[PDB]
């Protein structure tokens, strides 16, 4: 088993609620990774122990080029350590903020990578429920990495009831107090595609109630610079009725995605 001494600590990458994340190198293999440190006492105090172990259970069992890998984890007296894939290009949201909006190539590539990872999760009855730029990191060649599974759930049988995620990303069914299923992620993918290309989410409003209203009416207003292809994909994902939303395989196969994605799969061992 691993201990902290097994790693050269390079530098902090980010602060979190329960500890920091560090650029680290495993000594035996000189292998560079990220180390998330969490304090056991603060986790217990906040009452999030079972939350954390759920997140760890879900993420530690996923192996996909577009899902941030958790290699392993360990603990000592005071800390829980998560050994995570290092994502050299960092936060996708910082890149979006830096550029304002992404071009079609960048957006289409991201959409293919997202749809592929989400398909992988859904194949295993894992629903993500909080797809948004802030939850995505970028690999060495800019590959999308789903980084956070904070709202995620393994949902084998029962449809779900928890309202969760982020205001601008909530599907109509959550807002309206209906049960939901994996098709929530289809909706969030449509919101994400729109935000990639426009730089603002589609139902942006100064109040919770006006945002809620625009969502349930699907009050979609496409800026004029958007291509017909991108609007076609977004419109096919942002459907009021979950069963009418374009399936993940459908996103991967969409002509706009095919025409514009320059997705590259990372080398595998």
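By rigid core we mean the largest C-alpha set that fits within 1.5 Å across both forms. Residue numbers count along the first chain shown, from 1.
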- prompt: Say the other structures are aligned on the rigid core; which stretch then has the higher CA RMS in 7 other deposited structures of this protein, 227-235 or 44-52?
  reply: 44-52
- request: Name the stretch that deviates more in 7 other deposited structures of this protein: 243-251, or 11-19? Use RMS CA distance to the shown form, core superposed.
  value: 11-19
- prompt: So which stretch wins on mean C-alpha B-factor, 34-42 or 226-234?
  reply: 34-42
query: As stated in the PDB record, which stretch has the larger average Cα B-factor, 152-160 or 91-99?
result: 152-160
message: In terms of recorded Cα temperature factor, pick the maximum from 107, 135, 166, 72.
response: 166
Candidate set 214, 54, 63, 239 [ranked by C-alpha B-factor, highest]: 54
task: Ordered by C-alpha B-factor within the chain, which third holds residue 218? Give me lowest, middle or highest, please.
output: middle
message: Ranking the modelled residues of this chain by C-alpha B-factor as given in the entry, is residue 201 in the lowest, middle or highest third?
response: middle
